[PDB]
Amino acid sequence: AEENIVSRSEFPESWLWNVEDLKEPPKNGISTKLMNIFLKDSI
Amino acid sequence: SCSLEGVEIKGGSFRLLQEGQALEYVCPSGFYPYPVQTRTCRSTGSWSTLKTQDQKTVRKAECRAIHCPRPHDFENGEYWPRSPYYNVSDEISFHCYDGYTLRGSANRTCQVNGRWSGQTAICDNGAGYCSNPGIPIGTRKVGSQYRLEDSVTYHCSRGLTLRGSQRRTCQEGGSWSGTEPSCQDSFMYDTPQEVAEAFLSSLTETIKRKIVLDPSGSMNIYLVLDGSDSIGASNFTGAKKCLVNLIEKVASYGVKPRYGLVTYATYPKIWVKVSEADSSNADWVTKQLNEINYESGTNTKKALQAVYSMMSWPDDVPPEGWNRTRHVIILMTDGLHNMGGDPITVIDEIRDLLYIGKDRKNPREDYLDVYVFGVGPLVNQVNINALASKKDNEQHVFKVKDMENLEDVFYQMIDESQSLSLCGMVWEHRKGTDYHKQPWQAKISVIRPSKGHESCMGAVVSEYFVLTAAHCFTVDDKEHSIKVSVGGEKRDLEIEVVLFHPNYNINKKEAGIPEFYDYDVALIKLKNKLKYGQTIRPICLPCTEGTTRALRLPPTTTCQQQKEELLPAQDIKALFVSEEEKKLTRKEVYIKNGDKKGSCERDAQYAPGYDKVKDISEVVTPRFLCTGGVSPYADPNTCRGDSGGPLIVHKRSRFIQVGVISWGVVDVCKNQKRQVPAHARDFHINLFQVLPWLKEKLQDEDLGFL
Amino acid sequence: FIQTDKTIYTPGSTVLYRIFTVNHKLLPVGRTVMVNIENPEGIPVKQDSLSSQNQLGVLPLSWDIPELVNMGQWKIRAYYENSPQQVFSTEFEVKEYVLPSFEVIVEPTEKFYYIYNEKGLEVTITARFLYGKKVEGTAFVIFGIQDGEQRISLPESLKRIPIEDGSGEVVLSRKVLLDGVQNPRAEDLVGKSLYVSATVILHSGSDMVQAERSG
Amino acid sequence: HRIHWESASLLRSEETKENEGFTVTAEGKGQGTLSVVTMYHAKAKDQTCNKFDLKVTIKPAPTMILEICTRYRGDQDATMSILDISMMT
Amino acid sequence: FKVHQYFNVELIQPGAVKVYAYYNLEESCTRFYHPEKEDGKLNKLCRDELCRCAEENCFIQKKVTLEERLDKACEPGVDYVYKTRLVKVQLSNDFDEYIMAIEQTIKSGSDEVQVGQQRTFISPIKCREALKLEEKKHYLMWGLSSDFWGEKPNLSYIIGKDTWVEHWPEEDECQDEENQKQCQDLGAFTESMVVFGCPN
Ligand SMILES: *[C@@H]1O[C@H](CO)[C@@H](O[C@@H]2O[C@H](CO)[C@@H](O[C@@H]3O[C@H](CO)[C@@H](O)[C@H](O)[C@@H]3O)[C@H](O)[C@H]2NC(C)=O)[C@H](O)[C@H]1NC(C)=O
Ligand SMILES: *[C@@H]1O[C@H](CO)[C@@H](O)[C@H](O)[C@H]1NC(C)=O
Ligand SMILES: *[C@@H]1O[C@H](CO)[C@@H](O)[C@H](O)[C@H]1NC(C)=O
Ligand SMILES: *[C@@H]1O[C@H](CO)[C@@H](O)[C@H](O)[C@H]1NC(C)=O
């Protein structure tokens, strides 16, 4: 029952405290950036 | 013995060991038994109950796929990606937040050992007395305060046991008191190479290495063994060799230590005391080491109380050299199920006699060191860890799969000080590169006009000759059309000559067989001599004096005896080196030299050009070796660019090549990451059928041919 | 521009902040900054000095909150090294809290109040989960007056209402408001504002969400 | 530690776990302040249920019945109070 | 008010009532209730600072034979095998203390033990009938290594879930045909662990 099933543990109040650089060549002054992030276990 | 019915393992194999007193579960890489490894046939007529971590009921015993511990937390950062479970060779990128500096390996993949490669990734801000001790994978940290006298607590999740320090306290020097914790399992074992590395790092001081002591002072060693009812066979077969090698090795550092010997089955026995006049002589202590015999239980408290009596003195005032002597206890317990109390209190007494656990201004923690080696799968890791010592950046607790690794460690330690001349030497450096694990491999590129370049590999067997396959090259190729690379070096080496077997021919054209691989071997003679380096290092050859001394046998041993030992009439373990994305790895493969051989040779009918062969035995000569497939175990196939590699059988931490890869049944290698037929087998060319040619051509290399 | 990841913290966590050093063109520039972390009493507990050379205006710093600490309004004061009077401030809470499971808003149908209303003042309750759903529970509503540096409560206007599918309908009558104070004239209430304090308890009695529409 | 006029008015906190005598050396020229405070727990545990006097009873009757008697500890009565009751299984 | 039931449930848990003002929740008064418990308070045994509640079973089962003793006495978790004689019992409300005198110890424990020193043991009130302890009689017991409780040398061995205590008849009762087999098996098992002991 509750042995092979994982639970939710990561419940932060602030995450994604990251930095990112826009280096794609401009297209009318707009740069598209496709980045993969994982939302927290919190609902 | 107990009833043998209903004790097997699904997906694995079971055998009766200790004359039916036990049974052991084994599966190849990527699978370990669950939830236990061995069962004991008690006196009730039934084996020991299947005990899990929570002591639950088990429907059936199966060997489960190797997964990898999930990060219980990674504070101040993120890990990519996140999964409920991590497979073998899966990779994580550890990324820090802003203003936090990373220390450790970011790109971490965890191998079949069950631990992630590299140092634990830590993100630190550096604004305290001491730094973040890290949060190892599977272990979760309590306490964000890193000031002085502050302590943090570490503990593991379900199914994981903690090995290290349950609580680490920040020291006035700026460090933490204890070793870095880790989450361990029952299937996990420490390889002999890293055990030897950690033992050397803790025991010695790197420069070479040396064992320094206080000026005008000596050291004492207390070698303690266990006479438990687990192996105890033939007067500690191998353990005596281990201790003899250790005694010989320690005396080679320019210091004469003193020794003491403790063995216990029901009561402790004294063999050598520190007070003896001739306790500093290796010859007599080894001679007495060879005089150990059996006469049950595990009474460790009484034995270490006897050791306490040895350490203690009978004088009123403390004798001379009381604070200038260093003590080392080495324990080789296979059991340690307590009977008569716990040995923690006597360790406390021992360190109180030497004034260790009483003051912090002069801790004197380095004058006592306890090393405990774990043998077998019945080990209790928390008890061993609580019994041994803990100092930061050092490992005092070890664990090995079998008794063989116990002497593998010490043979490697002996061979470390040897000159680089002998083959088979591979040191597991802490910060090694790709070729630091497989230095014998050499790559050969063939450039042809208007034709695709052909890439193959071979083994460096000396300073002038490289053994490889012959079908990778043709007589049409000229001297300028062959390039050789070793150790990932851009600089090339000029070639001089390539030698082929007189009976070798890559062209049975009238027999309907398109391709034939008889004596498909090639000997490349280098133009110059090879300089031995960190990643350039030779390999041994069958039926040679180097092979004779590698297998730890007297020189009178014959070549046929070596063939029987390395290649018995059963399944034979080995591995082959594969290249994937400019990186080198090892894939385990098994040789069928018994009943499975005749069937395996039939699988070649699936190879191209072998469907119309009338006599299936004609195309498969006895000089070939058939490996791979799913029987008796699942084995990956060699890739198209992986053909021609050296098949090597590992023994006593020594690499000896037994053949050269020739071809395979089908080309389905690329499906490994992405479906493999059960008949997919790999055929290689043996080296024992070309012994006279090897002796003739390599008679000037001084390889000690027999 | 000092921006923190949160607004309220617990003892035993980490304050993470970014200083964005711009110039009067709102453009990144490289300077030296002095940062102070002040306790609620008004004396710094940590000071630091960083440089913004080739950092593109982002100065990421962090601070560890001790487990034995004073609760209240903690301050971060950062100023350029050349200008000790150029103090920039960022105040954040330190409290012993736990995450609420829903947001409650109390909104008036008429966003102001009129003295001569013959019906009263109607305020409605929108208690919705933080993921935008609807609740079922009860709520307690009280009122008051926002005078000069004080708060006067009216226990007579202490009403209890069933939040019917994320909705409420509370009516404050003129007689109750008149009886709250002892002024013969209602026109003397001009120049002062009311505040509504609501507190919504779920049918499970789990969470505790006290929301105030002051002013 | 060193105290300078520019860097003064900073909380220099030194943390200690053991109760022992301390020795400070104040040298140089100027003045200063020193405070030593021990934060701990004391066994002055009084009653907390200060503002209420809840009492409960279960009594089988001729499907047992539950009775709850409450009282507010003060000189004035209480406003709308909330009583949460959790049933068994 | 009346509270009904619909399904019989084994080992129910006690409920609680919390009363508080609508503005402050931290100034609340939580009081538990239970038909067969004091203030709905789970049974825990304490010495003014440290507790480990004993809402478990006093024993397992009592049937048990020589092979049963062999299998359940060579466990990895057993620490001591002691025979004692009941001298004094201090009955009370929170718990009861049994003070014994030691004749001789089959197996040694991590605590200093010798013939003569007094030993105390604690059990929850629920064992006041299950074990039917009587004074001036001998007993033999072994238990989990987590029994240690107190300060040296006045430690106690808590009779918890894993603690196994069995009746050791004296010479007079060992002559009774009903207990002759038990006495003989006890003596043989005693001499077995005295001479040989458990394997490994
Ligand atoms: C990590 O490894 C697991 C297991 O090796 C991968 O799971 C893949 O899909 C199922 C789900 O567990 C595995 O189990 C087997 O699948 C067959 C269908 O082919 C089904 O009859 C059973 O459920 C059976 O147990 C399956 O072995 C495995 N796929 C392969 C090719 O081995 C998983 O995809 C891997 N990757 C990740 C990110 O988890
Ligand atoms: C980690 O690996 C990824 C791809 O495997 C690579 O893009 C990245 O540069 C690596 N990080 C390093 C080498 O620091
Ligand atoms: C082990 O040693 C004893 C005495 O030391 C000897 O009698 C016995 O034969 C030895 N066992 C062997 C050689 O297998
Ligand atoms: C060892 O102890 C003696 C006792 O007085 C002391 O004189 C000596 O200096 C000590 N040795 C050290 C500290 O190395």
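Values in this text are rule-based calculations from the coordinates and carry no lab data. Neighbour counts are summed over all protein chains in view; Cβ atoms, including those assigned to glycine, are modelled from backbone coordinates with ideal geometry.
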### Task
From the P(r) of the protein assembly as shown, can you give the percent of Cα pairs sitting at distances over 63 Å?
29 percent
### Query
For all pairs of alpha-carbon atoms in the range C:100-215, what percent lies in each bin of width 5 Å, listed from the first bin to the last filled one?
2, 11, 22, 23, 17, 12, 8, 4, 1, 0
### Message
Just to verify a number: FRET efficiency for B:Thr38 and C:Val87, C-beta to C-beta distance, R0 = 56 Å, to 0.05?
### Response
0.20
### Task
Based on alpha-carbon positions alone, could you give the equivalent ellipsoid semi-axes of the range B:635-677 from the gyration tensor, as √(5λ), descending, whole Å?
24, 12, 8
### Message
Run lengths n ≥ 4 of DSSP H only: what is the helix-derived mean residue ellipticity at 222 nm for the protein assembly as shown, with -39500 (n - 2.57) per run over all residues, to the nearest 500?
### Response
-3500 deg cm²/dmol
### Query
Could you state the principal axis extents of the C-alpha atoms in the range C:1-99, from the largest down, to the nearest angstrom?
40, 27, 18
### Column: log10 I(q)/I(0), Debye, Cα scatterers of the range E:44-196, q = 0.08, 0.12, 0.19, 0.20 Å⁻¹
-0.22, -0.51, -1.38, -1.54
### Task
Tell me which residues come under 5 Å, amide H to amide H, from C:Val209 once H is placed; ignore anything under 5 positions away on its chain.
C:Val200
### Query
For the range E:134-200, which trypsin sites (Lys or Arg not before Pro) are in a loop by DSSP, counting at most 11 other Cβ atoms within 10 Å?
E:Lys136
### Task
With no solvent and one equal point scatterer placed on each C-alpha of the range B:47-129, evaluate the Debye formula and give log10 I(q)/I(0) for q = 0.16, 0.17, 0.19 Å⁻¹, two decimals.
-0.72, -0.77, -0.87
## Note on the structure
With no solvent term and unit scatterers on the alpha-carbon positions of the range B:116-228, Debye gives log₁₀ I(q)/I(0) at q = 0.11, 0.17, 0.24 Å⁻¹ of -0.54, -1.08, -1.30
#### Entry: Per-pair calculated FRET efficiency, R0 = 25 Å: E:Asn24 and C:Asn183 via Cβ, rounded to 0.05
0.25
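What percent does the relative contact order of the range C:1-99 come to when contacts are Cα pairs within less than 8 Å and at least six residues apart? Write out the running numbers ahead of the final one.
Details: 217 pairs, mean separation 34.0, N = 99.
Relative contact order of the range C:1-99: 34 percent.
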### Query
Of E:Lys88/E:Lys152; B:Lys141/B:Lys390; B:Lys302/B:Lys401; B:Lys443/B:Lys508, which pairs sit farther than 23 Å apart, going by alpha carbon to alpha carbon?
B:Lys302/B:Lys401; B:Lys443/B:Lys508
### Query
Rg to Rh ratio, chain B, alpha-carbon atoms and Kirkwood radius?
0.98
### Query
What nm distance separates the two modelled labels at B:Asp518 and B:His95, each placed 7 Å from Cα along Cα→Cβ?
6.1 nm
### Query
Once amide H atoms are built 1.01 Å from N in the peptide plane, which residues 5 or more positions from B:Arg258, or in another chain, come under 5 Å H to H?
B:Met219, B:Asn220, B:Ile221
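Using the C-alpha atoms of chain C, what convex hull volume per residue, in cubic angstrom, is computed?
Working: hull volume 42.1 nm³, N = 215.
Hull volume normalised by residue count: 196 Å³.
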#### Entry: Using a Förster distance of 51 Å, the FRET efficiency for B:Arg158-B:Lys451 (Cβ separation, nearest 0.05)
0.30
## Note on the structure
HN-Hα couplings for the range B:8-22 via Karplus (6.51, -1.76, 1.60; θ = phi - 60°), in whole Hz with x for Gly/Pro, come out as 6, 10, 6, x, x, 10, 10, 9, 8, 10, 6, 6, x, 6, 8
### Query
With each pseudo-label sitting 7 Å past Cα toward Cβ, what's the C:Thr124-B:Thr204 distance in nm, one decimal?
8.3 nm
### Query
Tell me, what ³J(HN,Hα) does each residue in the range B:308-321 have, in order and in whole Hz, if you take phi through Karplus 6.51 cos²θ - 1.76 cosθ + 1.60 with θ = phi - 60° and put x for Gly and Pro?
4, 4, 4, 5, 5, 10, x, 7, 6, 6, x, x, 6, x
### Query
If we count other beta carbons within 10 Å of each Cβ, what is the order of A:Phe11, E:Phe95, E:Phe1, B:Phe236, fewest first?
E:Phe1, A:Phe11, E:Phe95, B:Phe236
### Message
For the range B:464-581, take N as its residue count and report Rg(C-alpha) divided by 2.2 N^0.38 Å.
### Response
1.34
### Summary
Once amide hydrogens are built 1.01 Å from N within the peptide plane, the residues lying 5 or more places from B:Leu703 or on another chain with amide H under 5 Å from its amide H are none
### Summary
Checking the range C:30-129 for GluC sites (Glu not before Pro) in a loop per DSSP with at most 14 other beta-carbon atoms within 10 Å yields C:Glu41, C:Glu67, C:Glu81, C:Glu96, C:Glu110, C:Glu118
### Task
Holding the Cα-Cα limit at 31 Å, pick out from B:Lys60/B:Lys592; A:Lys40/D:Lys43; E:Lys132/E:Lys181; B:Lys301/E:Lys83; B:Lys56/E:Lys62 the pairs that are longer than that.
A:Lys40/D:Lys43
### Task
Averaged over every viewing direction, what's the projected area of the C-alpha convex hull for the range D:1-74? Give it in nm², one decimal, please.
12.1 nm²
### Query
Working out 0.36 nm times the residue gap between C:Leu26 and C:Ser206, then minus their Cα-Cα distance, what length gain in nm do you get to one decimal?
60.1 nm
### Message
Starting from the 7 Å offset along Cα-to-Cβ, what nm value, one decimal, do you get for the label separation of E:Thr120 and B:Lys673?
### Response
6.9 nm
### Sorted by Cβ neighbour density within 10 Å, fewest at the top, the residues A:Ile30, B:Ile685
A:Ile30, B:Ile685
### Query
What is the P(r) of the range B:441-658, as percent of Cα-Cα pairs per 5 Å bin from 0?
1, 6, 12, 16, 19, 18, 14, 9, 4, 1, 0
### Message
Going by Cα centres, the range B:123-194 and the range B:273-297 are how many Å apart?
### Response
39 Å
### Message
Just to check I understand the Karplus step: with θ = phi - 60° and J = 6.51 cos²θ - 1.76 cosθ + 1.60, what whole-Hz values come out for the range E:152-162, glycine and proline as x?
### Response
5, x, 7, 7, 10, 9, 6, 8, x, 5, 7
### Residues in the range E:64-85 reached by a label modelled at E:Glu177 [backbone nitrogen below 13 Å; 7 Å Cα→Cβ]
none
## Note on the structure
Taking C:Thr7, B:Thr300 and counting other beta carbon atoms within 10 angstrom, the fewest-first order is C:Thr7, B:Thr300
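In square nanometres, what is the average projected area of the Cα convex hull of the range B:378-489?
Orientation-averaged projected area of the Cα hull: 11.7 nm².
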